[PDB]
Amino acid sequence: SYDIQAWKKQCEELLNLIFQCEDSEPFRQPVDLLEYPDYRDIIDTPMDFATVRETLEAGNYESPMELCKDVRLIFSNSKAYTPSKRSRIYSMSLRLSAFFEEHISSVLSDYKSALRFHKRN
Ligand SMILES: COc1ccc(C)cc1NC(=O)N1CCN(C(=O)c2ccco2)CC1
């Protein structure tokens, strides 16, 4: 299964499934500084799923590893900002992260396999 480009549509479909999850709603759009005015004191690099989708559609990811790094930043930002590991929004982040990791595993493996096949000779 050695298509070097297949990861892009596979990531588009996974982002579609994440946008259907009720657990994504806090992470769809960049955090609101008016409601969370200390947010940028704690978080150096904001990230959200609309930015990830736009970066993918613009043709500004070279690999699914780069996309996976930006999605993992959404989750590390939620863990760094939570005032409590028992909070609603952080709790939603941990369920969404498990879902994402379960689905992205084979996208990464297939891409890396396809690049090794390309370099086989
Ligand atoms: C309902 O969400 C929205 C609706 C509409 C907009 C425009 C933004 C948000 N996100 C938003 O306000 N967030 C709060 C701060 N975050 C955290 O990860 C976190 C951990 C513990 C408390 O917050 C990111 C998500």
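The residues of chain A that appear here are 1315-1435 by Swiss-Prot count, in order.
According to its header, this structure was worked out by X-ray crystallography, 1.1 Å.
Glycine too: its Cβ is placed from the backbone N, Cα and C atoms.
What Swiss-Prot records for this protein:
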type	residues	note
DOMAIN	1316-1421	domain 'Bromo 2'
MOD_RES	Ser1315	phosphoserine
MOD_RES	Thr1359	phosphothreonine
MOD_RES	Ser1405	phosphoserine
I need the CA-to-CA distance for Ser1315 (phosphoserine) versus the residue listed as 'phosphothreonine', whole Å please.
35
Give me the count of other Cβ atoms within 10 A of the Cβ belonging to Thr1359 (phosphothreonine).
8
Tally the residues of the domain 'Bromo 2' (1316-1421) by DSSP class, grouping H, G and I as helix, E and B as strand, and everything else as coil.
71 helix, 0 strand, 35 coil
Fewest neighbouring Cβ atoms within 10 Å: which of the modified residues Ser1315, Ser1405?
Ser1315
